[PDB]
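Please read the structure below before turning to the comments.
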Amino acid sequence: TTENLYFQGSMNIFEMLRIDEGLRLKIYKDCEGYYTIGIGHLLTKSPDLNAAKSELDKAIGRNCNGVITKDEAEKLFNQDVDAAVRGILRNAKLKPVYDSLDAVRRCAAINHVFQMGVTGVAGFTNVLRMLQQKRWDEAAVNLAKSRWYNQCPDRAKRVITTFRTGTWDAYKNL
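Residue numbers (PDB author numbering): -9 to 164.
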């Protein structure tokens, strides 16, 4: 479809993570129980809500009282995406795999690091080798064994499908 052919140009890392993480203007606990706000911004792993609000005020730069605006959520979101990209490119293990990937799977790579962090992703020794060798089906099967996926499948299922196919299909028809 001419509409189907345009959907590609509408999808990017920002729209991808926006779907996987949602958009919340108030502090909430994610599927792992950690305090979160905005578009998947983990505030802290501490169970103390007071620590979550203290980190929020530091990140936004004002007395937020646990609430932020949509424009603030986007600014924080852009910083987190940049941090995940920079984390990949300076890492001697992730950068060669990332460089080998196509544009769409590169988005899935940034997404993965955004969710898990650099050392967590860099620990997927076998998945990283499979991806560099273009063994897409095997990579997706091994990702489906991870604790990252199995503890919170809805946040990870679309990333795994994107690693398998290199298309945006899993983000169609929400």
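Idealized CB from N, CA, C, for every residue including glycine.
Where residue i falls: helix, strand or coil (DSSP)
| i | result |
| --- | --- |
| residue 13 | coil |
| residue 29 | coil |
| residue 24 | coil |
| residue 130 | helix |
| residue 138 | helix |
| residue 123 | coil |
Span of the alpha helix (DSSP H), counted from its first residue to its last, around residue i
| i | result |
| --- | --- |
| residue 37 | No alpha helix (DSSP H) holds residue 37; DSSP gives it neither H nor E. |
| residue 180 | Here the chain covers residues -9 to 164 and nothing more, so residue 180 does not appear. |
| residue -9 | From DSSP, residue -9 is part of no alpha helix (DSSP H); its letter is neither H nor E. |
| residue 85 | 84 to 90 |
DSSP bridge partner residues for residue i (one or two, in chain order)
| i | result |
| --- | --- |
| residue 19 | 25 |
| residue 57 | 16 |
Beta-carbon spacing of residue i, residue j below 8 Å
| i | j | result |
| --- | --- | --- |
| residue 108 | residue 132 | no |
| residue 149 | residue 10 | yes |
| residue 14 | residue 23 | no |
| residue 106 | residue 138 | yes |
| residue 153 | residue 95 | yes |
| residue 16 | residue 57 | yes |
| residue 47 | residue 54 | yes |
Interface flag, residue i vs chain B, CB-CB below 8 Å
| i | result |
| --- | --- |
| residue 7 | No chain B is part of this structure, which consists of one protein chain only. |
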